[PDB]
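Source file final.cif; content: mmCIF, N, CA and C atoms.
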```
data_coords
#
loop_
_atom_site.label_atom_id
_atom_site.label_comp_id
_atom_site.auth_asym_id
_atom_site.auth_seq_id
_atom_site.Cartn_x
_atom_site.Cartn_y
_atom_site.Cartn_z
N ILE A 146 -70.74 -77.29 -291.12
CA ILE A 146 -70.63 -76.61 -292.40
C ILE A 146 -71.07 -77.51 -293.55
N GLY A 147 -70.34 -78.61 -293.74
CA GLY A 147 -70.71 -79.62 -294.71
C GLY A 147 -70.11 -79.35 -296.08
N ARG A 148 -69.82 -80.41 -296.83
CA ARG A 148 -69.31 -80.25 -298.18
C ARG A 148 -70.38 -80.51 -299.24
N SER A 149 -71.05 -81.65 -299.11
CA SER A 149 -72.11 -82.03 -300.03
C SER A 149 -73.48 -81.71 -299.44
N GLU A 150 -73.46 -81.07 -298.28
CA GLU A 150 -74.69 -80.63 -297.63
C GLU A 150 -75.40 -79.62 -298.51
N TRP A 151 -74.62 -78.78 -299.18
CA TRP A 151 -75.19 -77.73 -300.00
C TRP A 151 -76.04 -78.30 -301.12
N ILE A 152 -75.53 -79.34 -301.78
CA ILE A 152 -76.27 -79.96 -302.86
C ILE A 152 -77.57 -80.57 -302.35
N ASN A 153 -77.48 -81.31 -301.25
CA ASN A 153 -78.67 -81.91 -300.67
C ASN A 153 -79.60 -80.81 -300.20
N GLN A 154 -79.03 -79.77 -299.61
CA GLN A 154 -79.81 -78.61 -299.23
C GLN A 154 -80.35 -77.97 -300.49
N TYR A 155 -79.50 -77.85 -301.50
CA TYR A 155 -79.92 -77.35 -302.80
C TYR A 155 -80.93 -78.32 -303.40
N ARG A 156 -80.62 -79.61 -303.31
CA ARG A 156 -81.48 -80.66 -303.86
C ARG A 156 -82.83 -80.66 -303.15
N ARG A 157 -82.80 -80.40 -301.85
CA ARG A 157 -84.00 -80.37 -301.04
C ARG A 157 -84.94 -79.28 -301.52
N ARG A 158 -84.38 -78.15 -301.92
CA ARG A 158 -85.18 -77.03 -302.39
C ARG A 158 -85.96 -77.44 -303.64
N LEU A 159 -85.30 -78.16 -304.54
CA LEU A 159 -85.96 -78.62 -305.75
C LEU A 159 -87.10 -79.60 -305.47
N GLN A 160 -86.86 -80.54 -304.56
CA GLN A 160 -87.87 -81.54 -304.22
C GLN A 160 -89.11 -80.88 -303.65
N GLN A 161 -88.91 -79.97 -302.70
CA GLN A 161 -90.02 -79.26 -302.07
C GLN A 161 -90.57 -78.15 -302.97
N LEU A 162 -89.73 -77.69 -303.89
CA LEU A 162 -90.09 -76.69 -304.90
C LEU A 162 -91.04 -77.17 -306.01
N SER A 163 -90.90 -78.44 -306.40
CA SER A 163 -91.61 -79.00 -307.55
C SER A 163 -93.14 -78.91 -307.51
N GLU A 164 -93.72 -79.10 -306.33
CA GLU A 164 -95.17 -79.05 -306.15
C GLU A 164 -95.75 -77.67 -306.43
N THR A 165 -95.06 -76.64 -305.96
CA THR A 165 -95.51 -75.26 -306.13
C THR A 165 -95.46 -74.77 -307.57
N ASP A 166 -96.45 -73.98 -307.95
CA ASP A 166 -96.50 -73.39 -309.29
C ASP A 166 -95.79 -72.05 -309.31
N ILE A 167 -95.28 -71.65 -308.15
CA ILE A 167 -94.62 -70.36 -308.00
C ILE A 167 -93.36 -70.28 -308.86
N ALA A 168 -93.09 -69.09 -309.37
CA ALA A 168 -91.96 -68.89 -310.24
C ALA A 168 -90.68 -69.16 -309.47
N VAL A 169 -89.74 -69.82 -310.13
CA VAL A 169 -88.47 -70.12 -309.51
C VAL A 169 -87.39 -69.34 -310.24
N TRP A 170 -86.56 -68.64 -309.49
CA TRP A 170 -85.45 -67.93 -310.11
C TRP A 170 -84.20 -68.75 -309.88
N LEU A 171 -83.60 -69.22 -310.97
CA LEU A 171 -82.38 -70.00 -310.88
C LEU A 171 -81.23 -69.13 -311.34
N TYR A 172 -80.25 -68.95 -310.48
CA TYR A 172 -79.14 -68.05 -310.77
C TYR A 172 -77.79 -68.63 -310.37
N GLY A 173 -76.75 -68.11 -311.01
CA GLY A 173 -75.38 -68.47 -310.71
C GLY A 173 -74.54 -68.29 -311.95
N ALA A 174 -73.24 -68.52 -311.81
CA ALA A 174 -72.34 -68.44 -312.94
C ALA A 174 -72.66 -69.61 -313.84
N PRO A 175 -72.36 -69.47 -315.12
CA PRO A 175 -72.67 -70.53 -316.09
C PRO A 175 -71.93 -71.81 -315.76
N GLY A 176 -72.56 -72.95 -316.02
CA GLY A 176 -72.01 -74.23 -315.61
C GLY A 176 -72.41 -74.50 -314.18
N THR A 177 -73.20 -73.66 -313.57
CA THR A 177 -73.63 -73.96 -312.23
C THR A 177 -74.79 -74.88 -312.26
N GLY A 178 -75.17 -75.32 -313.43
CA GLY A 178 -76.23 -76.30 -313.55
C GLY A 178 -77.62 -75.82 -313.28
N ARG A 179 -77.81 -74.54 -313.40
CA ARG A 179 -79.13 -73.92 -313.25
C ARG A 179 -80.08 -74.40 -314.34
N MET A 180 -79.56 -74.55 -315.55
CA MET A 180 -80.34 -75.07 -316.66
C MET A 180 -80.82 -76.47 -316.34
N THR A 181 -79.96 -77.24 -315.69
CA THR A 181 -80.26 -78.61 -315.30
C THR A 181 -81.36 -78.70 -314.27
N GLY A 182 -81.45 -77.71 -313.44
CA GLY A 182 -82.51 -77.63 -312.45
C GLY A 182 -83.88 -77.39 -313.05
N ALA A 183 -83.95 -76.51 -314.04
CA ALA A 183 -85.23 -76.20 -314.66
C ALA A 183 -85.82 -77.44 -315.33
N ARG A 184 -84.99 -78.16 -316.07
CA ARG A 184 -85.44 -79.38 -316.72
C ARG A 184 -85.83 -80.40 -315.66
N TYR A 185 -85.02 -80.50 -314.62
CA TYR A 185 -85.33 -81.40 -313.53
C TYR A 185 -86.62 -80.94 -312.87
N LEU A 186 -86.73 -79.63 -312.65
CA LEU A 186 -87.94 -79.08 -312.07
C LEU A 186 -89.13 -79.31 -312.99
N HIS A 187 -88.95 -79.04 -314.28
CA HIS A 187 -90.02 -79.29 -315.24
C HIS A 187 -90.35 -80.77 -315.37
N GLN A 188 -89.32 -81.61 -315.39
CA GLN A 188 -89.52 -83.04 -315.53
C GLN A 188 -90.31 -83.62 -314.36
N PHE A 189 -90.00 -83.15 -313.16
CA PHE A 189 -90.69 -83.59 -311.95
C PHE A 189 -91.91 -82.74 -311.67
N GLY A 190 -92.13 -81.73 -312.52
CA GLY A 190 -93.29 -80.88 -312.42
C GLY A 190 -94.57 -81.61 -312.78
N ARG A 191 -95.69 -81.13 -312.26
CA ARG A 191 -96.99 -81.69 -312.58
C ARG A 191 -97.31 -81.50 -314.05
N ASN A 192 -96.84 -80.38 -314.61
CA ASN A 192 -97.09 -80.07 -316.01
C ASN A 192 -95.98 -80.59 -316.93
N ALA A 193 -95.27 -81.62 -316.48
CA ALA A 193 -94.21 -82.22 -317.27
C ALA A 193 -94.70 -82.46 -318.69
N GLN A 194 -95.95 -82.88 -318.81
CA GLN A 194 -96.56 -83.14 -320.11
C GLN A 194 -96.58 -81.88 -320.97
N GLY A 195 -96.77 -80.75 -320.31
CA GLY A 195 -96.88 -79.47 -320.99
C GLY A 195 -95.58 -79.09 -321.67
N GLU A 196 -95.69 -78.28 -322.72
CA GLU A 196 -94.52 -77.91 -323.49
C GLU A 196 -93.54 -77.18 -322.59
N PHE A 197 -92.26 -77.51 -322.74
CA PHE A 197 -91.22 -76.83 -321.98
C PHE A 197 -90.45 -75.96 -322.95
N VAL A 198 -90.50 -74.65 -322.73
CA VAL A 198 -89.81 -73.71 -323.61
C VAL A 198 -88.84 -72.82 -322.85
N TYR A 199 -87.60 -72.78 -323.32
CA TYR A 199 -86.59 -71.91 -322.75
C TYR A 199 -86.13 -70.93 -323.81
N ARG A 200 -86.17 -69.65 -323.48
CA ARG A 200 -85.70 -68.63 -324.40
C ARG A 200 -84.61 -67.77 -323.77
N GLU A 201 -83.52 -67.59 -324.51
CA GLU A 201 -82.48 -66.67 -324.12
C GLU A 201 -82.78 -65.39 -324.88
N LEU A 202 -82.97 -64.31 -324.14
CA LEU A 202 -83.55 -63.11 -324.71
C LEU A 202 -82.52 -62.13 -325.19
N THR A 203 -82.25 -62.20 -326.48
CA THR A 203 -81.55 -61.16 -327.21
C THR A 203 -82.58 -60.07 -327.45
N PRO A 204 -82.11 -58.86 -327.75
CA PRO A 204 -83.02 -57.75 -328.00
C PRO A 204 -83.90 -57.96 -329.23
N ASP A 205 -83.33 -58.52 -330.29
CA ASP A 205 -84.06 -58.77 -331.52
C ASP A 205 -85.26 -59.69 -331.31
N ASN A 206 -85.09 -60.69 -330.45
CA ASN A 206 -86.16 -61.64 -330.18
C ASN A 206 -87.03 -61.25 -328.99
N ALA A 207 -86.51 -60.36 -328.16
CA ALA A 207 -87.21 -59.92 -326.96
C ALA A 207 -88.62 -59.41 -327.27
N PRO A 208 -88.82 -58.95 -328.50
CA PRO A 208 -90.11 -58.39 -328.90
C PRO A 208 -91.20 -59.45 -329.03
N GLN A 209 -90.91 -60.53 -329.76
CA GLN A 209 -91.89 -61.59 -329.95
C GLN A 209 -92.02 -62.43 -328.68
N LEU A 210 -92.31 -61.76 -327.57
CA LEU A 210 -92.54 -62.41 -326.29
C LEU A 210 -93.78 -63.29 -326.30
N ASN A 211 -94.81 -62.82 -326.99
CA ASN A 211 -96.13 -63.45 -326.98
C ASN A 211 -96.14 -64.87 -327.54
N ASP A 212 -95.33 -65.11 -328.56
CA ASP A 212 -95.28 -66.42 -329.17
C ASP A 212 -94.82 -67.45 -328.14
N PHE A 213 -93.86 -67.07 -327.32
CA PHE A 213 -93.39 -67.97 -326.28
C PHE A 213 -94.50 -68.28 -325.29
N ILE A 214 -95.23 -67.26 -324.85
CA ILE A 214 -96.30 -67.47 -323.90
C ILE A 214 -97.40 -68.36 -324.48
N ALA A 215 -97.81 -68.06 -325.71
CA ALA A 215 -98.81 -68.89 -326.38
C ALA A 215 -98.32 -70.31 -326.66
N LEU A 216 -97.12 -70.43 -327.20
CA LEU A 216 -96.51 -71.73 -327.48
C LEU A 216 -96.23 -72.50 -326.19
N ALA A 217 -95.79 -71.77 -325.17
CA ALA A 217 -95.37 -72.34 -323.89
C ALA A 217 -96.51 -72.88 -323.03
N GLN A 218 -97.74 -72.58 -323.44
CA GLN A 218 -98.91 -72.67 -322.57
C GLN A 218 -99.18 -74.06 -322.00
N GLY A 219 -99.54 -74.08 -320.72
CA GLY A 219 -99.86 -75.30 -320.01
C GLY A 219 -98.65 -76.02 -319.46
N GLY A 220 -97.48 -75.43 -319.70
CA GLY A 220 -96.19 -76.00 -319.36
C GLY A 220 -95.23 -74.91 -318.91
N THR A 221 -94.09 -75.32 -318.35
CA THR A 221 -93.11 -74.38 -317.82
C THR A 221 -92.52 -73.47 -318.89
N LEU A 222 -92.32 -72.20 -318.53
CA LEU A 222 -91.66 -71.26 -319.43
C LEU A 222 -90.36 -70.78 -318.80
N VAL A 223 -89.27 -70.90 -319.55
CA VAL A 223 -87.95 -70.52 -319.04
C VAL A 223 -87.35 -69.38 -319.86
N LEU A 224 -86.91 -68.33 -319.16
CA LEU A 224 -86.34 -67.16 -319.81
C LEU A 224 -85.12 -66.61 -319.07
N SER A 225 -84.26 -65.92 -319.80
CA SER A 225 -83.06 -65.32 -319.23
C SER A 225 -82.87 -63.92 -319.78
N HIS A 226 -82.14 -63.08 -319.05
CA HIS A 226 -81.98 -61.70 -319.48
C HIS A 226 -83.36 -61.08 -319.64
N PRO A 227 -84.19 -61.30 -318.63
CA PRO A 227 -85.55 -60.75 -318.54
C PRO A 227 -85.53 -59.23 -318.41
N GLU A 228 -84.36 -58.70 -318.06
CA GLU A 228 -84.15 -57.28 -317.80
C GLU A 228 -84.46 -56.45 -319.03
N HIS A 229 -84.25 -57.06 -320.19
CA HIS A 229 -84.49 -56.44 -321.49
C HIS A 229 -85.95 -56.06 -321.70
N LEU A 230 -86.84 -56.84 -321.08
CA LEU A 230 -88.27 -56.72 -321.30
C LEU A 230 -88.80 -55.35 -320.92
N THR A 231 -89.79 -54.91 -321.68
CA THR A 231 -90.45 -53.63 -321.44
C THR A 231 -91.19 -53.69 -320.12
N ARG A 232 -91.38 -52.53 -319.49
CA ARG A 232 -92.02 -52.48 -318.19
C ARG A 232 -93.42 -53.05 -318.33
N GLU A 233 -94.08 -52.70 -319.43
CA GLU A 233 -95.37 -53.29 -319.76
C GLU A 233 -95.19 -54.78 -319.99
N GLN A 234 -94.10 -55.15 -320.66
CA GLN A 234 -93.78 -56.56 -320.88
C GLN A 234 -93.54 -57.29 -319.57
N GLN A 235 -92.80 -56.66 -318.66
CA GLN A 235 -92.55 -57.24 -317.35
C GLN A 235 -93.89 -57.41 -316.65
N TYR A 236 -94.75 -56.44 -316.83
CA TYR A 236 -96.04 -56.43 -316.17
C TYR A 236 -97.01 -57.45 -316.70
N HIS A 237 -96.94 -57.68 -317.99
CA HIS A 237 -97.78 -58.66 -318.59
C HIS A 237 -97.51 -59.94 -317.89
N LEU A 238 -96.27 -60.39 -318.00
CA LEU A 238 -95.73 -61.55 -317.33
C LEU A 238 -96.26 -61.82 -315.95
N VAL A 239 -96.06 -60.79 -315.19
CA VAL A 239 -96.36 -60.67 -313.77
C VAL A 239 -97.84 -60.85 -313.48
N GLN A 240 -98.68 -60.26 -314.31
CA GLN A 240 -100.13 -60.34 -314.14
C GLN A 240 -100.66 -61.77 -314.27
N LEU A 241 -100.10 -62.51 -315.23
CA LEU A 241 -100.54 -63.88 -315.51
C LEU A 241 -100.31 -64.79 -314.31
N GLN A 242 -99.20 -64.56 -313.62
CA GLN A 242 -98.80 -65.34 -312.45
C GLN A 242 -99.81 -65.22 -311.32
N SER A 243 -100.47 -64.07 -311.25
CA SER A 243 -101.36 -63.70 -310.16
C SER A 243 -102.58 -64.61 -309.99
N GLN A 244 -103.08 -65.14 -311.10
CA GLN A 244 -104.29 -65.94 -311.07
C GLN A 244 -104.05 -67.16 -310.20
N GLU A 245 -105.12 -67.67 -309.60
CA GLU A 245 -105.00 -68.76 -308.65
C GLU A 245 -104.40 -69.97 -309.34
N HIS A 246 -104.84 -70.23 -310.57
CA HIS A 246 -104.25 -71.30 -311.35
C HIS A 246 -103.39 -70.66 -312.42
N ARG A 247 -102.09 -70.93 -312.37
CA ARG A 247 -101.15 -70.34 -313.32
C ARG A 247 -101.34 -70.91 -314.72
N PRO A 248 -101.28 -70.03 -315.72
CA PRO A 248 -101.29 -70.47 -317.11
C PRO A 248 -100.05 -71.31 -317.39
N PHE A 249 -98.91 -70.85 -316.87
CA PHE A 249 -97.65 -71.55 -317.05
C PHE A 249 -96.78 -71.41 -315.81
N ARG A 250 -95.89 -72.38 -315.60
CA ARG A 250 -94.90 -72.26 -314.54
C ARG A 250 -93.75 -71.44 -315.10
N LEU A 251 -93.35 -70.40 -314.38
CA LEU A 251 -92.31 -69.51 -314.88
C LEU A 251 -91.01 -69.64 -314.10
N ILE A 252 -89.94 -69.94 -314.82
CA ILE A 252 -88.63 -70.08 -314.21
C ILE A 252 -87.68 -69.06 -314.79
N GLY A 253 -86.98 -68.34 -313.92
CA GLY A 253 -86.05 -67.32 -314.36
C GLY A 253 -84.62 -67.74 -314.10
N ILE A 254 -83.81 -67.71 -315.15
CA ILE A 254 -82.44 -68.17 -315.03
C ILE A 254 -81.52 -66.97 -315.08
N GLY A 255 -80.71 -66.81 -314.04
CA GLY A 255 -79.83 -65.66 -313.96
C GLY A 255 -78.45 -65.97 -313.42
N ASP A 256 -77.48 -65.17 -313.85
CA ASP A 256 -76.12 -65.25 -313.33
C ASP A 256 -76.11 -64.88 -311.85
N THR A 257 -76.98 -63.94 -311.49
CA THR A 257 -77.02 -63.39 -310.15
C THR A 257 -78.45 -63.39 -309.62
N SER A 258 -78.57 -63.21 -308.31
CA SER A 258 -79.87 -63.14 -307.67
C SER A 258 -80.56 -61.89 -308.18
N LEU A 259 -81.87 -61.91 -308.13
CA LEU A 259 -82.60 -60.88 -308.75
C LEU A 259 -82.12 -59.61 -308.19
N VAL A 260 -82.18 -59.51 -306.89
CA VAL A 260 -81.96 -58.25 -306.22
C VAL A 260 -80.77 -57.50 -306.73
N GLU A 261 -79.75 -58.23 -307.08
CA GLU A 261 -78.55 -57.60 -307.51
C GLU A 261 -78.69 -57.28 -308.96
N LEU A 262 -79.66 -57.90 -309.60
CA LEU A 262 -79.95 -57.58 -310.96
C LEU A 262 -80.88 -56.43 -310.88
N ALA A 263 -81.98 -56.64 -310.19
CA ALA A 263 -82.92 -55.57 -310.00
C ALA A 263 -82.22 -54.31 -309.58
N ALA A 264 -81.30 -54.38 -308.65
CA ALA A 264 -80.61 -53.16 -308.30
C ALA A 264 -79.73 -52.68 -309.45
N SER A 265 -78.94 -53.59 -310.01
CA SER A 265 -77.99 -53.23 -311.07
C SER A 265 -78.70 -52.76 -312.33
N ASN A 266 -79.72 -53.51 -312.74
CA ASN A 266 -80.58 -53.12 -313.84
C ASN A 266 -82.00 -53.10 -313.31
N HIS A 267 -82.74 -52.04 -313.59
CA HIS A 267 -84.05 -51.89 -312.97
C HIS A 267 -84.99 -53.02 -313.37
N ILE A 268 -85.63 -53.59 -312.36
CA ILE A 268 -86.68 -54.59 -312.52
C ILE A 268 -87.89 -54.15 -311.70
N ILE A 269 -89.08 -54.24 -312.28
CA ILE A 269 -90.29 -53.78 -311.61
C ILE A 269 -90.57 -54.59 -310.35
N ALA A 270 -91.09 -53.92 -309.33
CA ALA A 270 -91.26 -54.53 -308.02
C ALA A 270 -92.18 -55.73 -308.08
N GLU A 271 -93.25 -55.61 -308.86
CA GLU A 271 -94.23 -56.68 -309.01
C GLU A 271 -93.59 -57.93 -309.58
N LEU A 272 -92.76 -57.76 -310.60
CA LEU A 272 -92.02 -58.86 -311.20
C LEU A 272 -91.12 -59.48 -310.15
N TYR A 273 -90.52 -58.61 -309.34
CA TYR A 273 -89.63 -59.02 -308.25
C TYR A 273 -90.36 -59.85 -307.21
N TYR A 274 -91.63 -59.54 -307.00
CA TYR A 274 -92.39 -60.07 -305.88
C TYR A 274 -92.49 -61.59 -305.92
N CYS A 275 -92.81 -62.14 -307.09
CA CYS A 275 -92.81 -63.59 -307.25
C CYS A 275 -91.39 -64.09 -307.06
N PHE A 276 -90.44 -63.34 -307.62
CA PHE A 276 -89.04 -63.73 -307.65
C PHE A 276 -88.39 -63.87 -306.28
N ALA A 277 -88.75 -62.99 -305.35
CA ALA A 277 -87.99 -62.84 -304.12
C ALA A 277 -87.97 -64.12 -303.29
N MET A 278 -89.13 -64.75 -303.14
CA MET A 278 -89.21 -66.02 -302.44
C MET A 278 -88.45 -67.14 -303.16
N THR A 279 -88.56 -67.14 -304.49
CA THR A 279 -88.06 -68.24 -305.32
C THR A 279 -86.63 -68.09 -305.84
N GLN A 280 -85.95 -67.07 -305.44
CA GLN A 280 -84.67 -66.87 -306.03
C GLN A 280 -83.59 -67.74 -305.38
N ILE A 281 -82.98 -68.58 -306.20
CA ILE A 281 -82.15 -69.70 -305.78
C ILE A 281 -80.79 -69.66 -306.46
N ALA A 282 -79.78 -70.22 -305.80
CA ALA A 282 -78.47 -70.35 -306.41
C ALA A 282 -78.27 -71.81 -306.78
N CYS A 283 -78.14 -72.06 -308.08
CA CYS A 283 -78.02 -73.42 -308.57
C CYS A 283 -76.71 -74.07 -308.14
N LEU A 284 -76.79 -75.35 -307.80
CA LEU A 284 -75.61 -76.14 -307.46
C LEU A 284 -75.55 -77.35 -308.38
N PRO A 285 -74.37 -77.63 -308.92
CA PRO A 285 -74.18 -78.73 -309.87
C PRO A 285 -74.46 -80.10 -309.27
N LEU A 286 -75.48 -80.78 -309.79
CA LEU A 286 -75.84 -82.11 -309.31
C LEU A 286 -74.88 -83.17 -309.83
N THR A 287 -73.83 -82.74 -310.52
CA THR A 287 -72.84 -83.67 -311.06
C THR A 287 -71.77 -83.98 -310.01
#
```

Show this structure as structure tokens.
Amino acid sequence: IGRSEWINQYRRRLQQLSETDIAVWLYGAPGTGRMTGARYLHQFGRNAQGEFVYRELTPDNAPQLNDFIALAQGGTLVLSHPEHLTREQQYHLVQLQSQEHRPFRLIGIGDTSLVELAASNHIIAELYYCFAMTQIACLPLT
């Protein structure tokens, strides 16, 4: 079973995760150190040099999505409460990821795994598609 195996197993995911440009979904209850993973992931990321932007998406700010993408460019982009985003907005996001070379590394931070979000609140399948492989439960490295 193991006690600290989970962290190393969790830690192992980050180490092997860092090379890939694939979107990572970091989820769990707050204080689970998911935020710490993104910075760690970004810091150990190839695009560490690139701007690192994290946005918590209130409805009022959810509209000016584009500024984050433009500002965020060449570097990791971190967002939460992605569920708010318009289907076209979800799709925009999703389309950019498709290119062989990603414009930005996309990390999704959630209380819960997508699926339970996607089920609970509708999320487009395409957006889900990148997410499904990368959806992770953060473990406190402290």

Run the PyMOL selection byres ((chain A and resi 172-174) around 5) against the file shown and list the residues it catches, as a PyMOL selection string. chain A and resi 170-171+175-177+255-257+281-283

Take the residues from that selection and write them out as a tab-separated table (two decimals), in the frame of the given file, keeping N, CA and C atoms.
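Written output follows (out24.tsv):
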```
chain	number	residue	atom	x	y	z
A	170	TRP	N	-86.56	-68.64	-309.49
A	170	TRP	CA	-85.45	-67.93	-310.11
A	170	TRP	C	-84.20	-68.75	-309.88
A	171	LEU	N	-83.60	-69.22	-310.97
A	171	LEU	CA	-82.38	-70.00	-310.88
A	171	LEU	C	-81.23	-69.13	-311.34
A	175	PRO	N	-72.36	-69.47	-315.12
A	175	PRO	CA	-72.67	-70.53	-316.09
A	175	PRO	C	-71.93	-71.81	-315.76
A	176	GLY	N	-72.56	-72.95	-316.02
A	176	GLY	CA	-72.01	-74.23	-315.61
A	176	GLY	C	-72.41	-74.50	-314.18
A	177	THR	N	-73.20	-73.66	-313.57
A	177	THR	CA	-73.63	-73.96	-312.23
A	177	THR	C	-74.79	-74.88	-312.26
A	255	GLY	N	-80.71	-66.81	-314.04
A	255	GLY	CA	-79.83	-65.66	-313.96
A	255	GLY	C	-78.45	-65.97	-313.42
A	256	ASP	N	-77.48	-65.17	-313.85
A	256	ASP	CA	-76.12	-65.25	-313.33
A	256	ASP	C	-76.11	-64.88	-311.85
A	257	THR	N	-76.98	-63.94	-311.49
A	257	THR	CA	-77.02	-63.39	-310.15
A	257	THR	C	-78.45	-63.39	-309.62
A	281	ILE	N	-82.98	-68.58	-306.20
A	281	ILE	CA	-82.15	-69.70	-305.78
A	281	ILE	C	-80.79	-69.66	-306.46
A	282	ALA	N	-79.78	-70.22	-305.80
A	282	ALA	CA	-78.47	-70.35	-306.41
A	282	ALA	C	-78.27	-71.81	-306.78
A	283	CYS	N	-78.14	-72.06	-308.08
A	283	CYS	CA	-78.02	-73.42	-308.57
A	283	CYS	C	-76.71	-74.07	-308.14
```

Return as an mmCIF file with N, CA and C atoms, in the frame of the given file the set of residues that the PyMOL selection byres (((chain A and resi 148-165 and name CA) around 10) and name CA) yields on the displayed structure.
```
data_model
loop_
_atom_site.group_PDB
_atom_site.id
_atom_site.type_symbol
_atom_site.label_atom_id
_atom_site.label_comp_id
_atom_site.auth_asym_id
_atom_site.auth_seq_id
_atom_site.Cartn_x
_atom_site.Cartn_y
_atom_site.Cartn_z
ATOM 1 N N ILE A 146 -70.740 -77.290 -291.120
ATOM 2 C CA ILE A 146 -70.630 -76.610 -292.400
ATOM 3 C C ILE A 146 -71.070 -77.510 -293.550
ATOM 4 N N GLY A 147 -70.340 -78.610 -293.740
ATOM 5 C CA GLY A 147 -70.710 -79.620 -294.710
ATOM 6 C C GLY A 147 -70.110 -79.350 -296.080
ATOM 7 N N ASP A 166 -96.450 -73.980 -307.950
ATOM 8 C CA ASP A 166 -96.500 -73.390 -309.290
ATOM 9 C C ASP A 166 -95.790 -72.050 -309.310
ATOM 10 N N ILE A 167 -95.280 -71.650 -308.150
ATOM 11 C CA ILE A 167 -94.620 -70.360 -308.000
ATOM 12 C C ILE A 167 -93.360 -70.280 -308.860
ATOM 13 N N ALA A 168 -93.090 -69.090 -309.370
ATOM 14 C CA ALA A 168 -91.960 -68.890 -310.240
ATOM 15 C C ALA A 168 -90.680 -69.160 -309.470
ATOM 16 N N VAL A 169 -89.740 -69.820 -310.130
ATOM 17 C CA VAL A 169 -88.470 -70.120 -309.510
ATOM 18 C C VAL A 169 -87.390 -69.340 -310.240
ATOM 19 N N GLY A 182 -81.450 -77.710 -313.440
ATOM 20 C CA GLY A 182 -82.510 -77.630 -312.450
ATOM 21 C C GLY A 182 -83.880 -77.390 -313.050
ATOM 22 N N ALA A 183 -83.950 -76.510 -314.040
ATOM 23 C CA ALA A 183 -85.230 -76.200 -314.660
ATOM 24 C C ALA A 183 -85.820 -77.440 -315.330
ATOM 25 N N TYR A 185 -85.020 -80.500 -314.620
ATOM 26 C CA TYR A 185 -85.330 -81.400 -313.530
ATOM 27 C C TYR A 185 -86.620 -80.940 -312.870
ATOM 28 N N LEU A 186 -86.730 -79.630 -312.650
ATOM 29 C CA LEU A 186 -87.940 -79.080 -312.070
ATOM 30 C C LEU A 186 -89.130 -79.310 -312.990
ATOM 31 N N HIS A 187 -88.950 -79.040 -314.280
ATOM 32 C CA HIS A 187 -90.020 -79.290 -315.240
ATOM 33 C C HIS A 187 -90.350 -80.770 -315.370
ATOM 34 N N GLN A 188 -89.320 -81.610 -315.390
ATOM 35 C CA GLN A 188 -89.520 -83.040 -315.530
ATOM 36 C C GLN A 188 -90.310 -83.620 -314.360
ATOM 37 N N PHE A 189 -90.000 -83.150 -313.160
ATOM 38 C CA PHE A 189 -90.690 -83.590 -311.950
ATOM 39 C C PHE A 189 -91.910 -82.740 -311.670
ATOM 40 N N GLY A 190 -92.130 -81.730 -312.520
ATOM 41 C CA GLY A 190 -93.290 -80.880 -312.420
ATOM 42 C C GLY A 190 -94.570 -81.610 -312.780
ATOM 43 N N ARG A 191 -95.690 -81.130 -312.260
ATOM 44 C CA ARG A 191 -96.990 -81.690 -312.580
ATOM 45 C C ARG A 191 -97.310 -81.500 -314.050
ATOM 46 N N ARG A 250 -95.890 -72.380 -315.600
ATOM 47 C CA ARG A 250 -94.900 -72.260 -314.540
ATOM 48 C C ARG A 250 -93.750 -71.440 -315.100
ATOM 49 N N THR A 279 -88.560 -67.140 -304.490
ATOM 50 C CA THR A 279 -88.060 -68.240 -305.320
ATOM 51 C C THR A 279 -86.630 -68.090 -305.840
ATOM 52 N N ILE A 281 -82.980 -68.580 -306.200
ATOM 53 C CA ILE A 281 -82.150 -69.700 -305.780
ATOM 54 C C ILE A 281 -80.790 -69.660 -306.460
ATOM 55 N N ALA A 282 -79.780 -70.220 -305.800
ATOM 56 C CA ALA A 282 -78.470 -70.350 -306.410
ATOM 57 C C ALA A 282 -78.270 -71.810 -306.780
ATOM 58 N N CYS A 283 -78.140 -72.060 -308.080
ATOM 59 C CA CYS A 283 -78.020 -73.420 -308.570
ATOM 60 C C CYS A 283 -76.710 -74.070 -308.140
ATOM 61 N N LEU A 284 -76.790 -75.350 -307.800
ATOM 62 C CA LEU A 284 -75.610 -76.140 -307.460
ATOM 63 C C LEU A 284 -75.550 -77.350 -308.380
ATOM 64 N N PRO A 285 -74.370 -77.630 -308.920
ATOM 65 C CA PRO A 285 -74.180 -78.730 -309.870
ATOM 66 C C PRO A 285 -74.460 -80.100 -309.270
ATOM 67 N N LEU A 286 -75.480 -80.780 -309.790
ATOM 68 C CA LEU A 286 -75.840 -82.110 -309.310
ATOM 69 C C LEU A 286 -74.880 -83.170 -309.830
ATOM 70 N N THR A 287 -73.830 -82.740 -310.520
ATOM 71 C CA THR A 287 -72.840 -83.670 -311.060
ATOM 72 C C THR A 287 -71.770 -83.980 -310.010
#
```

As a PyMOL selection string, please: every residue in chain A that DSSP puts in helix (DSSP H, G or I). chain A and resi 150-162+179-188+210-217+227-229+232-243+259-265+270-279

Residues of chain A in strand (DSSP E) according to DSSP, as a ChimeraX atom specification? /A:169-172,198-201,222-225,251-255,280-282

Once the PyMOL selection byres (((chain A and resi 226 and name CA) around 10) and name CA) has been applied to the shown file, what residues remain in the selection, as a list in words?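 For this structure, the PyMOL selection byres (((chain A and resi 226 and name CA) around 10) and name CA) resolves to residues 200, 201, 202, 203, 204, 207, 224, 225, 227, 228, 229, 230, 253, 254, 255, 256 and 262 of chain A.
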
Å distance separating atom N of residue A:220 from atom CA of residue A:249, one decimal place: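 One can read the atom N of residue A:220 to atom CA of residue A:249 distance as 4.7 Å.
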
Separation of atom C of residue A:267 from atom N of residue A:197 in Å: 27.2 Å

Please provide as a PyMOL selection string all residues within 10 Å of stretch 213-217 of chain A, with the sequence filter that same-chain residues fewer than 2 positions apart are discarded (counting only C-alpha atoms). chain A and resi 195-200+209-211+219-224+238+248-251

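Counting from atom C of residue A:232, the distance to atom N of residue A:193 is 28.7 Å.
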